[PDB]
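Structure assessment
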Amino acid sequence: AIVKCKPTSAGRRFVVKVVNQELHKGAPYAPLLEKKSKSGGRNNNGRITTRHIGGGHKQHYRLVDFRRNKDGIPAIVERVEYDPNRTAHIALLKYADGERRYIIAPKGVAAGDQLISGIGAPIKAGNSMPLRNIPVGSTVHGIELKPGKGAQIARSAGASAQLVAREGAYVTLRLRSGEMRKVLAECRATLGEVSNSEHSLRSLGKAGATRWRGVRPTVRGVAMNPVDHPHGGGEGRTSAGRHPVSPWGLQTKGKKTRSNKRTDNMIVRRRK
Amino acid sequence: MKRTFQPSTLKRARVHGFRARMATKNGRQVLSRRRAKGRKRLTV
RNA sequence: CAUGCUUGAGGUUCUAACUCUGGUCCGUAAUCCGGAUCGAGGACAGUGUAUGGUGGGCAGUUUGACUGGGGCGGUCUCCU
RNA sequence: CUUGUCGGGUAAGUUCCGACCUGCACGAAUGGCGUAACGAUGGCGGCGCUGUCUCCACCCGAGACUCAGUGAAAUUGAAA
RNA sequence: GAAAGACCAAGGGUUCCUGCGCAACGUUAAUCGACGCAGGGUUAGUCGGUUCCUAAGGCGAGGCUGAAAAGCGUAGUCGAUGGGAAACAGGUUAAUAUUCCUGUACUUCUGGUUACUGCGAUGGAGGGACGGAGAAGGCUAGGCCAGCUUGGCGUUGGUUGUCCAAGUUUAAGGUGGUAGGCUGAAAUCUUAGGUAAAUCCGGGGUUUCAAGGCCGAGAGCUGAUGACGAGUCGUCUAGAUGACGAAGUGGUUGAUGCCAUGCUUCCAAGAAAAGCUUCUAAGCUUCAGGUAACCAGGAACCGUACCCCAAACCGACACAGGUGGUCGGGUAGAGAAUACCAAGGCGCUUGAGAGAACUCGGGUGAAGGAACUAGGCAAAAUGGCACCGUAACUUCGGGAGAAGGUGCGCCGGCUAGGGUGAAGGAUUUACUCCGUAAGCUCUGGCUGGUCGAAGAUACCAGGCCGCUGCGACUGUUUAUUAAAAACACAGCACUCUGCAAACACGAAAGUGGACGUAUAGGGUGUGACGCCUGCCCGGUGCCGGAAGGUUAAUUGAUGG
RNA sequence: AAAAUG
RNA sequence: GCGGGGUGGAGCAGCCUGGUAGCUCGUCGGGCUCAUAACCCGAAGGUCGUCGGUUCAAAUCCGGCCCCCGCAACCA
RNA sequence: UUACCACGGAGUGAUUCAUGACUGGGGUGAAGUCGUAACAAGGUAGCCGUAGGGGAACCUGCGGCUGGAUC
Ligand SMILES: [Mg+2]
Ligand SMILES: [Mg+2]
Ligand SMILES: [Mg+2]
Ligand SMILES: [Mg+2]
Ligand SMILES: [Mg+2]
Ligand SMILES: [Mg+2]
Ligand SMILES: [Mg+2]
Ligand SMILES: [Mg+2]
Ligand SMILES: [Mg+2]
Ligand SMILES: [Mg+2]
Ligand SMILES: [Mg+2]
Ligand SMILES: [Mg+2]
Ligand SMILES: [Mg+2]
Ligand SMILES: [Mg+2]
Ligand SMILES: [Mg+2]
Ligand SMILES: [Mg+2]
Ligand SMILES: [Mg+2]
Ligand SMILES: [Mg+2]
Ligand SMILES: [Mg+2]
Ligand SMILES: [Mg+2]
Ligand SMILES: [Mg+2]
Ligand SMILES: [Mg+2]
Ligand SMILES: [Mg+2]
Ligand SMILES: [Mg+2]
Ligand SMILES: [Mg+2]
Ligand SMILES: [Mg+2]
Ligand SMILES: [Mg+2]
Ligand SMILES: [Mg+2]
Ligand SMILES: [Mg+2]
Ligand SMILES: [Mg+2]
Ligand SMILES: [Mg+2]
Ligand SMILES: [Mg+2]
Ligand SMILES: [Mg+2]
Ligand SMILES: [Mg+2]
Ligand SMILES: [Mg+2]
Ligand SMILES: [Mg+2]
Ligand SMILES: [Mg+2]
Ligand SMILES: [Mg+2]
Ligand SMILES: [Mg+2]
Ligand SMILES: [Mg+2]
Ligand SMILES: [Mg+2]
Ligand SMILES: [Mg+2]
Ligand SMILES: [Mg+2]
Ligand SMILES: [Mg+2]
Ligand SMILES: [Mg+2]
Ligand SMILES: [Mg+2]
Ligand SMILES: [Mg+2]
Ligand SMILES: [Mg+2]
Ligand SMILES: [Mg+2]
Ligand SMILES: [Mg+2]
Ligand SMILES: [Mg+2]
Ligand SMILES: [Mg+2]
Ligand SMILES: [Mg+2]
Ligand SMILES: [Mg+2]
Ligand SMILES: [Mg+2]
Ligand SMILES: [Mg+2]
Ligand SMILES: [Mg+2]
Ligand SMILES: [Mg+2]
Ligand SMILES: [Mg+2]
Ligand SMILES: [Mg+2]
Ligand SMILES: [Mg+2]
Ligand SMILES: [Mg+2]
Ligand SMILES: [Mg+2]
Ligand SMILES: [Mg+2]
Ligand SMILES: [Mg+2]
Ligand SMILES: [Mg+2]
Ligand SMILES: [Mg+2]
Ligand SMILES: [Mg+2]
Ligand SMILES: [Mg+2]
Ligand SMILES: [Mg+2]
Ligand SMILES: [Mg+2]
Ligand SMILES: [Mg+2]
Ligand SMILES: [Mg+2]
Ligand SMILES: [Mg+2]
Ligand SMILES: [Mg+2]
Ligand SMILES: [Mg+2]
Ligand SMILES: [Mg+2]
Ligand SMILES: [Mg+2]
Ligand SMILES: [Mg+2]
Ligand SMILES: [Mg+2]
Ligand SMILES: [Mg+2]
Ligand SMILES: [Mg+2]
Ligand SMILES: [Mg+2]
Ligand SMILES: [Mg+2]
Ligand SMILES: [Mg+2]
Ligand SMILES: [Mg+2]
Ligand SMILES: [Mg+2]
Ligand SMILES: [Mg+2]
Ligand SMILES: [Mg+2]
Ligand SMILES: [Mg+2]
Ligand SMILES: [Mg+2]
Ligand SMILES: [Mg+2]
Ligand SMILES: [Mg+2]
Ligand SMILES: [Mg+2]
Ligand SMILES: [Mg+2]
Ligand SMILES: [Mg+2]
Ligand SMILES: [Mg+2]
Ligand SMILES: [Mg+2]
Ligand SMILES: [Mg+2]
Ligand SMILES: [Mg+2]
Ligand SMILES: [Mg+2]
Ligand SMILES: [Mg+2]
Ligand SMILES: [Mg+2]
Ligand SMILES: [Mg+2]
Ligand SMILES: [Mg+2]
Ligand SMILES: [Mg+2]
Ligand SMILES: [Mg+2]
Ligand SMILES: [Mg+2]
Ligand SMILES: [Mg+2]
Ligand SMILES: [Mg+2]
Ligand SMILES: [Mg+2]
Ligand SMILES: [Mg+2]
Ligand SMILES: [Mg+2]
Ligand SMILES: [Mg+2]
Ligand SMILES: [Mg+2]
Ligand SMILES: [Mg+2]
Ligand SMILES: [Mg+2]
Ligand SMILES: [Mg+2]
Ligand SMILES: [Mg+2]
Ligand SMILES: [Mg+2]
Ligand SMILES: [Mg+2]
Ligand SMILES: [Mg+2]
Ligand SMILES: [Mg+2]
Ligand SMILES: [Mg+2]
Ligand SMILES: [Mg+2]
Ligand SMILES: [Mg+2]
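Residues numbered from 1 in each chain as written, not as in the entry; some residues may be left out. Chains lettered and ligands numbered in written order. Part of a larger assembly, values for the part shown. Heavy atoms only, no water.

Per the deposition metadata, cryo-EM was the technique used to determine this entry, at a resolution of 2.9 Å.

Structure, rendered in structure tokens:
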């Protein structure tokens, strides 16, 4: 539930908090955690390759099962947790033979639920099974692109895709972006959408809440000198006297940058 | 006022030391160029 | 006008070249790298070479003289 | 142009506040018009307080002054 | 005197102590010295390293890539600022001491003998193992007071006494399992799991019980008839030497230190690996190995002097500068502020005069009170606690300590409580529950008296108010003339990107983005909030279209 | 289909 | 200092390239209407700012003058 | 000498009158200017609520009413 904060301070006036009272408030499952360090946006040459990255809080990595290849054994949701490195929540499952695993929590799984997988599973939410025998018109999430590779699409909060068509050994499904893309019918998906649908109804409230997530301030190119940006220079405030452009000379107000040409045959319709 | 030289012997041996010049061929020519001048120090 | 012999252009398909930052087996005690085998794409992508376009992202430079200081203006060759 | 004109404040106000519209040459995300809280931010006005001032006077320490010791500097064509 | 005292780390390297010196060094002299000469001085199983383990990162057999040099990276092995065994009190030198000596401990290893025995990993499980803030307790160091012992009887009125001075100390360890924290326990059958196996862990079933199991400061008892202790006696040259050596106790207060890696709560969701416990695999199997008791021995190597908020380190100097962490007493005080002191340390390496102008740092000022000036710059003024009271406006939080006002010292009378706490009582008969007079300590209330010019009496300790421009606010910025209206910001919008993502660094391999997946990632402009954001696609960009016109390498008909 | 006023 | 203009009552073509002044509104006269407006038909109306010059011929070329409108007037 | 207390002072609010540059509409007045919104089916049937636009009456969208003409 979203909670609006009282204007007790100048930095609490516009804070809208997403608070869920049903998340687990103990400790995460230790056997499925490993360390991860920050990079600052620097590659192995030590140079900044992606800017406005740095700082934040220490985090652990949670081994989330994106494959979901225990076909047949029924599971049971044991708790829904917080993940520092998603925007969705995660569900800890206990199978009929120990073997606890993390998955991405669907929209309405709390403490029971079976969440079986494989061919022949029911059509309830949270069940995983190949795209071939998912009824046409239903919504899916966590779609994988290569068999055995793991889920790639529809993974953030409240995300979903819809199965539109099916013919041959391919299925066509409409992505959250508005794009029609054909996917192999051998690949797997999960029914329903992703939890934490209200993630978008939040307000950070202050400059310090951006830094808690590891994001550094963004200077705008007009506030620079000609040596630093194509937009910089001029006496007084100027409006970037040329057509708006990237720091490295690429136009950004409308120019298309896709140049794949290998996977064009899997794009039925563009997003735009 | 803080001055530029703040001494430390661990950071002195790891940057200018003998085993740091012999790691790369560019530092192995500093040593040869100093053995030819006739230097007595030859390494930090 | 079917034909037989060739080549130009396009579409469709197949696998056997190439591709895989997909699975499992071995080297092996190893999310590298090789080999084997499944799976997908497939003569496409990609790279070499030749070529048209774009390209201040980057570079080497030029941007005249007279002048009651320089600039602005005017003048710069020939005839009475 | 310009200290535009009118009103307020002051004994007297090229600054300040409220208006007019003749906008040399405002104007709507190089955002337009307002706005509580905030500011070692710009302008103006009050109360208290005062050596800021009329106009300076006395007093207390450290130099300056004399004695003993050590002992520089910039500069310099030559100087009756 | 929250250092200008004491101690660690870095850094320095003989500056440490003694004997002999004054040429030079020391901003003066020097008999002195961090100066010259010559000797001396640093003692470890437990302190710090090394050996064991890893983080960021480095190197990197093969490998991939690259004109050459070389780049990246797998296995691996280096890398603390972190993890992981164990010692304290007293004495002692001119110079060392948790090291030497005395006394009392603790950890670990080796070789034997006996007795019983399934041993075995690099692999599996457990454990190590952890955030911000807050709060209620328990305790300890430390501090005070009383009593006790020893000495004193005061150059000037009184001082044989509810008088004055000093001391009233004692660790590690062992025993103890307390305040308190966490957890259900045992037996039996079984298994889509932990890459193979497992009696270990995870999962499932049945039976029984309300009691076990792990942590945990601290008190007390002992260590300790011992050490220490004012001082006294003997011996010697004013100081050394040996022996003896009094009291050594209770009550209150109480930490920012320990219980506490605990408990509650909130999002920003809070290191790894080894040491450690346990299970089996390959191998032995009557050797090996393991488990207990006893006996005998061992713990190697390196650093230990001195400065260390500075005259010894970084600044050319014996330089108003800079330098990480620990301790930190008394009286006032909320306080680690401030004032006066303790322990301890110092008076800052030129002086002596005299008392001109002028300069620097201050004190007081008649009448006036900003008339000064670019401008109230500077100065003056306000300043604490309790109580009363307080405007426009507002995003309902605020503005607000708005503004303004009253009381405050000391000495008595009466009076209401809290905390600790003998005797007593109870049964959980003992590290226990309830509760108590005296004493000690902490909060008040109403009622007088009294001194001064003035009682928050010194140090310390907000000046306030009314209109406006700008930027919403906290924050950042030109090290060394600009701290702002500039940058950032939360919020808004446009646009690109379907994952081997766009994009960026790399002749390339590769890496970041991201172990993320359109509620996500990059670029661009604007900049909380409220009301809004109007017309123009002619120019230049971008997006889409494919008909026609032009149009490169290439090909080579024809002609000469 | 156009059709204002006095 | 440089540049562009002055044409019926009003606002705009004609000036390039010398020989022919045009468009809309307005004005006048007659129509339709009970009357005005709107609408229809027919006419008038500018020797081209002024002077001077070349030319057979100047709104048109070349000069001065009087009127306007734009820029520029900078470094100390 | 203390207690009560009038005059008089200090700070800060509320309320009510007079006035104020400049501005918003209202009413009245004459042979003024622009159009013609309503009254007939007033020549696009009018009114009500609401929103946007425009020299002005007013126009347009959404819903409602008949207090609408012809058959
Ligand atoms: Mg960014
Ligand atoms: Mg993240
Ligand atoms: Mg920005
Ligand atoms: Mg931004
Ligand atoms: Mg930007
Ligand atoms: Mg700027
Ligand atoms: Mg700038
Ligand atoms: Mg740069
Ligand atoms: Mg540029
Ligand atoms: Mg400007
Ligand atoms: Mg600029
Ligand atoms: Mg510009
Ligand atoms: Mg370095
Ligand atoms: Mg050197
Ligand atoms: Mg095939
Ligand atoms: Mg990748
Ligand atoms: Mg491979
Ligand atoms: Mg190809
Ligand atoms: Mg090609
Ligand atoms: Mg190519
Ligand atoms: Mg250039
Ligand atoms: Mg060019
Ligand atoms: Mg360039
Ligand atoms: Mg050159
Ligand atoms: Mg040049
Ligand atoms: Mg140049
Ligand atoms: Mg040239
Ligand atoms: Mg010149
Ligand atoms: Mg000139
Ligand atoms: Mg001149
Ligand atoms: Mg001259
Ligand atoms: Mg010129
Ligand atoms: Mg002016
Ligand atoms: Mg005025
Ligand atoms: Mg007046
Ligand atoms: Mg003034
Ligand atoms: Mg706009
Ligand atoms: Mg601007
Ligand atoms: Mg502007
Ligand atoms: Mg704005
Ligand atoms: Mg704009
Ligand atoms: Mg703005
Ligand atoms: Mg504004
Ligand atoms: Mg600030
Ligand atoms: Mg202000
Ligand atoms: Mg004034
Ligand atoms: Mg004096
Ligand atoms: Mg002298
Ligand atoms: Mg050292
Ligand atoms: Mg020496
Ligand atoms: Mg000495
Ligand atoms: Mg001596
Ligand atoms: Mg001498
Ligand atoms: Mg001397
Ligand atoms: Mg010496
Ligand atoms: Mg190690
Ligand atoms: Mg490493
Ligand atoms: Mg390497
Ligand atoms: Mg190699
Ligand atoms: Mg190691
Ligand atoms: Mg090591
Ligand atoms: Mg360490
Ligand atoms: Mg010493
Ligand atoms: Mg000993
Ligand atoms: Mg074993
Ligand atoms: Mg392990
Ligand atoms: Mg730790
Ligand atoms: Mg916590
Ligand atoms: Mg904490
Ligand atoms: Mg005590
Ligand atoms: Mg006595
Ligand atoms: Mg006496
Ligand atoms: Mg006496
Ligand atoms: Mg004891
Ligand atoms: Mg003990
Ligand atoms: Mg207990
Ligand atoms: Mg030592
Ligand atoms: Mg020492
Ligand atoms: Mg010290
Ligand atoms: Mg000190
Ligand atoms: Mg020094
Ligand atoms: Mg000195
Ligand atoms: Mg010093
Ligand atoms: Mg103190
Ligand atoms: Mg102090
Ligand atoms: Mg003392
Ligand atoms: Mg001195
Ligand atoms: Mg003197
Ligand atoms: Mg003075
Ligand atoms: Mg004074
Ligand atoms: Mg006086
Ligand atoms: Mg005075
Ligand atoms: Mg006076
Ligand atoms: Mg006064
Ligand atoms: Mg004045
Ligand atoms: Mg004056
Ligand atoms: Mg001041
Ligand atoms: Mg002052
Ligand atoms: Mg007050
Ligand atoms: Mg105020
Ligand atoms: Mg009196
Ligand atoms: Mg202050
Ligand atoms: Mg202003
Ligand atoms: Mg600001
Ligand atoms: Mg702050
Ligand atoms: Mg900074
Ligand atoms: Mg500066
Ligand atoms: Mg500032
Ligand atoms: Mg800035
Ligand atoms: Mg975005
Ligand atoms: Mg801006
Ligand atoms: Mg266009
Ligand atoms: Mg167009
Ligand atoms: Mg196109
Ligand atoms: Mg009319
Ligand atoms: Mg007529
Ligand atoms: Mg200038
Ligand atoms: Mg109407
Ligand atoms: Mg009408
Ligand atoms: Mg009508
Ligand atoms: Mg009509
Ligand atoms: Mg109404
Ligand atoms: Mg309209
Ligand atoms: Mg309407
Ligand atoms: Mg209607
Ligand atoms: Mg109705």
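Following the structure, the description resumes.
1. Observations concerning the overall build of chain A
Scanning chain A from terminus to terminus reveals one helix and 16 strands. Across its three principal directions, the C-alpha atoms of chain A cover 70 × 50 × 40 Å. The buried share of chain A, reckoned over its 272 residues, is 34%. Intrachain contacts of chain A at a sequence separation of at least 6 include 55% that bridge at least 24 residues. Carbon and sulfur atoms form 50% of the exposed surface of chain A, whose accessible area is close to 17400 Å². (Helix = DSSP H or I, 4+ residues; strand = E, 2+ residues; numbered from the N terminus. Buried < 20%, exposed > 50% of the residue type's maximum accessible area, 1.4 Å probe, protein only. Contact = heavy atoms within 4.5 Å. Areas by Shrake-Rupley, 256 points an atom, 1.4 Å probe, with all protein chains shown as cover.)

2. Let's talk about the environment of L191(A)
Residue and element names in this part refer to chain A. By secondary structure assignment, the location of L191 is in strand β15 (residues 188-191). Note: C-alpha distance between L191 and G108 (83 residues apart in sequence) is 11 Å. Dropping the residues within four chain positions of it, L191 is found in contact with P122, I123, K124, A125, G126, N127, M129, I134, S138, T139, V140 and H141.

3. What about the protein's contact with RNA strand C?
Residue and element names in this part refer to chain A. Neighbouring residues of RNA strand C: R67, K146, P147, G148, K149, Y170, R242, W248, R262 and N265. Sugar and phosphate atoms form 100% of the subset of RNA strand C atoms that lie within 4 Å of the protein. In this structure, a sugar or linking oxygen belonging to RNA strand C sits 3.2 Å away from a main-chain N or O atom of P147. Within the contact set of RNA strand C, a phosphate oxygen lies 3.4 Å away from a side-chain nitrogen or oxygen of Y170. Grouping the amino acids of the surface near RNA strand C by side-chain chemistry returns three nonpolar, two polar and five charged. (Near = heavy atom within 4 Å. Polar contact = N/O pair within 3.5 Å; in protein donor to acceptor, adjacent residues only side chain to side chain. Nonpolar A, V, L, I, M, F, W, Y, C, P; charged D, E, K, R; others polar.)

4. A word on the packing of aromatic side chains
Counted according to the given criterion, the structure contains zero aromatic pairs over all chains. Directly above the aromatic system of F66(A) lies the positively charged group of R155(A), at a separation of 3.9 Å from the ring centroid. (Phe/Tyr/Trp six-rings, centres within 6.5 Å; stacked < 30°, edge-to-face > 60°. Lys NZ or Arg CZ within 6 Å of the ring centre and 35° of its normal.)

5. Some details on the sheet that holds strand β13 (residues 170-174) of chain A
All names here are of chain A. A sheet is described by the order of its strands in space; here seven strands give the open sequence β8-β15-β9-β12-β13-β14-β16, paired in antiparallel fashion. For this open sheet the edge positions go to β8 (128-130) and β16 (267-269), each flanked by a neighbour on one side alone. Between one strand axis and the next, the sheet turns by 45° as a mean value, whatever way the strands run. Relative to β15, strand β9 (residues 139-141) is paired through two bridges, and the arrangement is antiparallel. (Pairing = 2+ DSSP bridges. Axes fitted to C-alpha atoms, helices over the stretch in contact; angles between N-to-C directions.)

6. Overview of the sheet that holds strand β7 (residues 100-104) of chain A
All names here are of chain A. Across the sheet, three strands lie side by side as β5-β6-β7; this open sheet has antiparallel pairing. Both outer strands of the open sheet, β5 (75-81) and β7, are each paired with one neighbouring strand and no more. Adjacent strand axes in the sheet meet at a mean angle of 30°, parallel and antiparallel pairs treated alike. Two elements, β5 and strand β6 (residues 90-95), share six bridges in a ladder whose sense is antiparallel. Within the sheet, the bridge partner assigned to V77 lies in β6 and is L93.

7. With respect to the protein's contact with RNA strand E
Residue and element names in this part refer to chain A. What surrounds RNA strand E is a group of 106 residues, the closest being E34, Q152, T210, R220 and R271. Sugar plus phosphate, as a fraction of atoms of RNA strand E within 4 Å of the protein: 74%. Taking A154, its main chain carries an N or O atom lying 3.0 Å from a phosphate oxygen of RNA strand E. Here a sugar or linking oxygen of RNA strand E sits 3.3 Å away from a polar atom, N or O, in the main chain of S177. Breaking the surface near RNA strand E down by element, the ones donating at least two residues are β3 (33-35), β4 (60-62), β11 (151-153) and α1 (207-211). Considering each element in turn, the surface near RNA strand E owes the most residues, three residues, to β4. Counted by class, the surface near RNA strand E contains 32 nonpolar, 39 polar and 35 charged residues.

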